[PDB]
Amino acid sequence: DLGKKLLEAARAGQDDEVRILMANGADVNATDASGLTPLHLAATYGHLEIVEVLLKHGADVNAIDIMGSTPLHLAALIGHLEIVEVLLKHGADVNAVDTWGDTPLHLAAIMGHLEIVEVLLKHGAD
């Protein structure tokens, strides 16, 4: 199943495997059992180039998993600055709230990612 192979290559940072799967018809917006997408997984594990290629090919920047987590939540939690900015550039919802009541700003603050906090605030985080 190409969707699940794409999920796993996005999670693992296998750039060439992503490009090959996408070129053979892989579903850019495939979901795993909890609703995580390839963009969610690359944002979490820090793979900037895969994040950008997915966004250039129809990835939903504001997809939520079953817990309401957006890719921007995960990038701000883990501390990937350049990914936070790319997601914002492509219309990520800066004030998305997950099922725990957290925003990306709250997660970045908790984890002490101060530059990300400042970027989120400049983009209107509440």
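Don't overthink the numbering: it's just position in the shown sequence, from 1.
- If you average the C-alpha B-factors over 111-119 and over 15-23, the higher value belongs to 15-23.
- Averaged over CA atoms, B-factors in the entry run higher in 89-97 than in the other of 89-97 and 70-78.
- Ranked within its chain, residue 50 lands in the middle third, by CA B factor from the PDB record.
- The entry lists a Cα temperature factor for residue 9 that places it in the highest third of the chain's modelled residues.
- Per-chain ranking of the deposited C-alpha B factor places residue 33 in the highest third.
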